[PDB]
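In what follows, a single structure is set out as structure tokens and then discussed.
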Ligand SMILES: [Zn+2]
Ligand SMILES: [Zn+2]
Ligand SMILES: [Zn+2]
Ligand SMILES: [Zn+2]
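Residue numbers (UniProt numbering), protein chains in the order written: chain Z, 1 to 248, 286 to 347; chain U, 1 to 249, 287 to 348; chain V, 1208 to 1341; chain F, 809 to 890.
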């Protein structure tokens, strides 16, 4: 383990890799976005740019597909999503290396999660805040990447939560070019899979059962070529639920969800859950201070292999 | 650069460079065209290919512009002009490296001179031989190089001669890009300048006086910024005549021919004359095997600078 | 200019010809290095009149002329094509290309030079049977 | 092991039949090769897929990359690649 200081003056909220795995973007509550590049020679993380982004705390950022250029989304609590494009004709560590493209002033609530759709669906976005409204923003005009149009507006929650009650939201797209467009949307205690229908509008497709408490993280496993998809969920309970999905009104394919496993090893709240490139190693963080690594056995049962204390 | 020996078995009649000054092509009397390229290493000439072209002695050659490809036109005594194009597919010095495009078999007498027009006229070919008529061939479509149409046919002589063997017809184009088209004809002993009029047909522009014997060569001077243009003519007597041509804007411009010099340092017959690219340094051939360089002095006349003789 | 072209000095000839106050020195057709493309998905000609008009209006309003740098021929305004991708790295390509001739595929200078010189591979890096070697 | 699955499948899957699973494995391996920045190996995989898709007659069956250049002619003002 080699710890490197990101340099923020407050709590680092979200860290995301790029597609090539050599750039990391860190957002924080100090109203800053920092992009770190992995040097090939020194093999140490070094800062590329650090610029003020929002007027409130940034909680979710995402890299775009590398075939659409280098675009970083940024969803903060000031009801804005800002899209940032790199112009390489600027000096590093200056604040002008990443140029602003567009502000999405349509969300009436503090945004929690932002996600890009896979590259075969176009340059799409997915926003979710405490207003309970799922918004999809496309990029229709190819001449300028500043005219982003809202296309799908689906309501996840009937009424927004009060300010004193906590809430958490998370999103996960479907990394499958050979399956129709799917979207895993995590409400307060609900997990909904949304599928693109024949009419061009999203519809409710399946619901993941369980989840007696707040869902803290959702993650769709990469389809390496298997016939069943995997969704990993980390709840406010100690459960790392892994859902096995088999795909076969106005929907191109009906899909069935069966719970594959349920692990209580963390003894707390599973804050984050993630997947590998091939869907073989899961990583789960919890209140025990330990990050557990899960791999499937021969009998399709996930068993912990390493525990990393901190 | 050092002198080199060709494989020709007879007399070389016309040697003409390409545009870029690295490809040279020699046409000879033993029915062979040998093309040599200047190698970058050691600055020596190397052979590219050697193919027989015609059934008689080839007396004229002229490269085309490199924008239209590596085109070589040869004129011989067989009343035909053939165009040849290089092929990088075939191996060097194999003999199949060059290919015919079109045979200009539209002549009754043996053709003497073939010359390529300036590039702002398109791909245009000038032919003049024993028939006493100047033939202009145009590429109306420069996309295909095997199509050639005769467009202008002007009778430069009043009558066909009797002693057809004792004749020499020479051509030279005018490299002025923005002047109207000017072509030089030396038919038997009279030198005629031809300008293109508003009717689209060639007309006699001006006549060079003098020329008491057969004009064996003619060369126009590239006028880089001068208000006057120069013509170098070479006669059978050995006299090199440099004419001064002033152009002032039925033709749309009149030409005033004024003789500027006449030199007889060649004790023989001036076969060829040439200009360098500045239009200043003039070189002349002769029957004595000597090469004389002529440069303009402080006055308006020209004087010899060196006599390059071969031993 | 023809004397400069006779030697191997072409960049100097380009510098001379670019700022020449006489507008009809070499040729009268205007643009002879201009290349027009049809789209790879719809087949219409890439002229991009709508994008050029909108960017000209925007640059007229905002004053700065850097907005007109967004105009290009790497996108189609009729079929809404996003971008043209490199054949080796599949990244967006906007400013300079290196077209492989017999198959018609794009490429960065570094990508195409890497594949055709560093790797010593004689095939097109996009799955093409025609050997466009070297 | 989608890498070995794809590199075995390309030895005669589109040459003899057509199933969606082989195309899924091929696309997944190509995306992984892009993610590891192995563009040269992706290109070698593409040319191997093109070479191993030659039928008995000789007709290629691989879904090759489509053309990106359609030059318009200066004189006739039409497509040079129709
Ligand atoms: Zn199009
Ligand atoms: Zn590239
Ligand atoms: Zn290709
Ligand atoms: Zn055409």
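Backbone N, C-alpha and C define an ideal beta-carbon position, used for all residues, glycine too.
Name the chain C residues that come within less than 9 Å of residue i, Cβ to Cβ?
i                       : result
residue 1332 of chain V : No chain C is present in this structure, whose protein chains are Z, U, V and F.
May I ask which residues mark the beginning and end of the alpha helix (DSSP H) holding residue i?
i                       : result
residue 1223 of chain V : 1217-1225
residue 1260 of chain V : 1256-1269
residue 855 of chain F  : 847-859
residue 1318 of chain V : 1316-1320
residue 1212 of chain V : 1209-1213
For residue i, would you say it is in contact with chain Z, using Cβ-to-Cβ distances shorter than 9 Å as the test?
i                       : result
residue 1247 of chain V : no
residue 873 of chain F  : no
residue 870 of chain F  : no
residue 821 of chain F  : no
residue 842 of chain F  : yes
Would you mind reading off the limits of the beta strand (DSSP E) that contains residue i?
i                       : result
residue 20 of chain Z   : Residue 20 of chain Z -> no beta strand (DSSP E), and no H or E assigned at all.
residue 331 of chain U  : 327-333
residue 196 of chain Z  : 191-196
residue 36 of chain Z   : 32-38
residue 135 of chain Z  : 133-139
residue 153 of chain U  : 149-155
residue 1242 of chain V : Run containing residue 1242 of chain V: none; DSSP gives neither H nor E here.
residue 344 of chain Z  : 339-346
residue 203 of chain U  : 202-208
residue 319 of chain Z  : 318-322
residue 6 of chain Z    : Premise fails: residue 6 of chain Z is in no beta strand (DSSP E) and is neither H nor E.
residue 112 of chain Z  : 111-116
Establish whether the CB of residue i and some CB of chain U are separated by less than 9 Å.
i                       : result
residue 1215 of chain V : yes
residue 1308 of chain V : no
residue 1211 of chain V : no
Could you check what DSSP says for residue i in three-state terms: helix, strand or coil?
i                       : result
residue 54 of chain U   : coil
residue 295 of chain Z  : strand
residue 1277 of chain V : helix
residue 96 of chain U   : coil
residue 215 of chain U  : strand
residue 774 of chain F  : As shown, chain F starts at 809 and ends at 890. That puts residue 774 of chain F outside it, with no answer to give.
residue 816 of chain F  : helix
residue 286 of chain Z  : coil
residue 239 of chain U  : coil
residue 229 of chain Z  : strand
residue 81 of chain Z   : strand
residue 1329 of chain V : coil
residue 166 of chain Z  : coil
residue 280 of chain U  : Placed between 249 and 287 in the numbering, residue 280 of chain U has no coordinates, as chain U goes from one to the other without interruption by modelled residues.
residue 843 of chain F  : helix
residue 810 of chain F  : helix
residue 61 of chain Z   : strand
residue 86 of chain Z   : strand
Is the Cβ of residue i closer than 9 Å to any Cβ of chain F?
i                       : result
residue 1234 of chain V : no
residue 1313 of chain V : yes
residue 1263 of chain V : no
residue 36 of chain Z   : no
residue 116 of chain Z  : no
residue 1361 of chain V : With chain V running from 1208 to 1341 in the structure shown, residue 1361 of chain V is simply not present.
residue 19 of chain Z   : yes
Checking contacts by CB at 9 Å: is residue i closer than that to chain V?
i                      : result
residue 122 of chain Z : yes
residue 858 of chain F : yes
residue 837 of chain F : no
residue 68 of chain Z  : yes
residue 319 of chain U : no
residue 224 of chain U : yes
residue 165 of chain U : no
residue 140 of chain Z : yes
So residue i and residue j are in contact, right, with Cβ under 8 Å, and what is the actual spacing, rounded?
i                       : j                      : result
residue 61 of chain U   : residue 71 of chain U  : Not a contact, Cβ separation roughly 11 Å.
residue 218 of chain U  : residue 152 of chain U : No, residue 218 of chain U and residue 152 of chain U are not in contact; Cβ-Cβ is about 19 Å, not under 8 Å.
residue 174 of chain Z  : residue 220 of chain Z : 6 Å
residue 1427 of chain V : residue 879 of chain F : Nothing can be reported for residue 1427 of chain V, as the shown portion of chain V is limited to 1208 through 1341.
If you measure from each residue's Cβ to the nearest non-hydrogen atom of ligand 3, which ones come out under 6 Å, in chain order? Going by the Cβ distance cut-off, the answer is V:1307, V:1310, V:1312, V:1331, V:1333 and V:1335.
Measuring from each Cβ to the nearest heavy atom of ligand 4, keep the ones under 6 Å and list them in chain order. Here the residues come out as F:881, F:883, F:884 and F:886.
Contact set, ligand 1 heavy atom to C-beta under 6 Å: Listed by chain position, these are V:1246, V:1248, V:1249, V:1251, V:1283, V:1285, V:1286 and V:1288.
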